[PDB]
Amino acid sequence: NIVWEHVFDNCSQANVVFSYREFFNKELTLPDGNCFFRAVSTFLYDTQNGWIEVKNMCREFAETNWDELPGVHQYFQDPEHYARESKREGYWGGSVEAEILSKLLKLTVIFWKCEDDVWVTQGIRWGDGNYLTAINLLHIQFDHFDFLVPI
């Protein structure tokens, strides 16, 4: 059992050390700048090939539900600013889209930080759920995300 500490809006955080293979199997995503969206696409569609649809749905939720996205507001002026920056191909996904997707899909999203391919040393969570029901991502160096499936 894990103690989540509230950070901001629907975002919380946990310092915790564990072997991620103790609780997860990993699925690698293609190492390009779309890796975040490929990991979410795997969760949603059981293939990484739908990363473009994940980018689209984030943009669309930003335009219809801008009022609900204070973490996105920290970095982008309005939905059009978000849409322009995310439509470029060297756009890297991350905590902005984890907030969007947690609220669009009514799901919990968790980044598990791992720097040696063995030990997780930190979790960051959007939503109130536990990891069994969450989109779990392995966040490693160079802003790469792989997908984690709970055992």
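For every residue, the number given is its place in the sequence shown, counted from 1.
Of the two segments, 89-97 and 109-117, the one listed with the higher mean B-factor is 89-97 (C-alpha atoms only). Placement of the Cα temperature factor of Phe8 within the chain: middle third of the modelled residues, per the deposited record. Among all modelled residues in this chain, the alpha-carbon of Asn34 has a temperature factor (C-alpha) in the middle third. Per the deposited record, the Cα B-factor of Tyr82 falls in the highest third when ranked against the other modelled residues of its chain. Split the chain's modelled residues into thirds by C-alpha temperature factor. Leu44 is in the middle one.
When all modelled residues of the chain are sorted by CA temperature factor, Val149 is found within the middle third.
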